[PDB]
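Just so it is clear, none of the values below were taken in a lab; they were calculated from the coordinates. So basically every Cβ, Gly included, is an ideal-geometry build from the backbone, and we count neighbours across all protein chains shown.
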Amino acid sequence: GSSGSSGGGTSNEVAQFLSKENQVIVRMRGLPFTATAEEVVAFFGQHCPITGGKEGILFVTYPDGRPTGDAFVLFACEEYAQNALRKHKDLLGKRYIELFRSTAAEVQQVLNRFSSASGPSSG
């Protein structure tokens, strides 16, 4: 009997994503249903390279298998993350996207809320 549903909202994939220390996480919202890790890599790959690229990206998806729209990216230091923030309200493939420097803890709270949603409304 191994626990998983109740006891720390962190998947195997996330572990590695959060396992990265000294990195600036970015909360991406409003991402094209078609936009994938590959799309991001280039998005910031311009001047703001991601740590591991496809490996340094996490797409938040409902506990059923649906694109929630929100996501998270990894950045070596604040030198890249910041420069990326300026891209706020960017445009990828004809789709406006926001940007906000997020933290590790926050992320987890953003995954649990969507995972096994207990509302899904928050009261």
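A few remarks follow.
- Volume per residue of the convex hull around the Cα atoms, evaluated for the chain, comes out as 118 Å³.
- Straight-distance crosslink candidates among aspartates and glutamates, where the alpha carbon sits under 15 Å from residue 54 and sequence neighbours closer than 8 are dropped: 13, 38, 39
- Point-charge dipole on Cβ atoms (K/R +1, D/E -1) for the chain, about Cα centre, debye to 20: 360
- Taking amide hydrogens as placed 1.01 Å from N in the peptide plane, the amide H of residue 90 sits under 5 Å from those of 97, each at least 5 positions away in sequence or on another chain.
- Put a dot 7 Å past the Cα of residue 92, heading toward its Cβ, do the same for residue 5, and the two dots end up 3.3 nm apart.
- Whole-angstrom Cα spans of the stretch 1-58 along principal axes, big to small: 46, 29, 16
- Shown is the FRET efficiency for residue 117 and residue 42, computed with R0 = 30 Å from the Cβ-Cβ distance and rounded to the nearest 0.05: 0.40.
- At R0 = 25 Å, FRET efficiency that the Cβ-Cβ distance of residue 103 and residue 34 yields, to 0.05: 0.35
- A simple rule links phi to the HN-Hα coupling: the Karplus curve 6.51 cos²θ - 1.76 cosθ + 1.60 with θ = phi - 60°, which for the stretch 85-97 gives 4, 4, 7, 2, 6, 4, 9, 10, x, 6, 7, 5, 10 Hz, with x for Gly and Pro.
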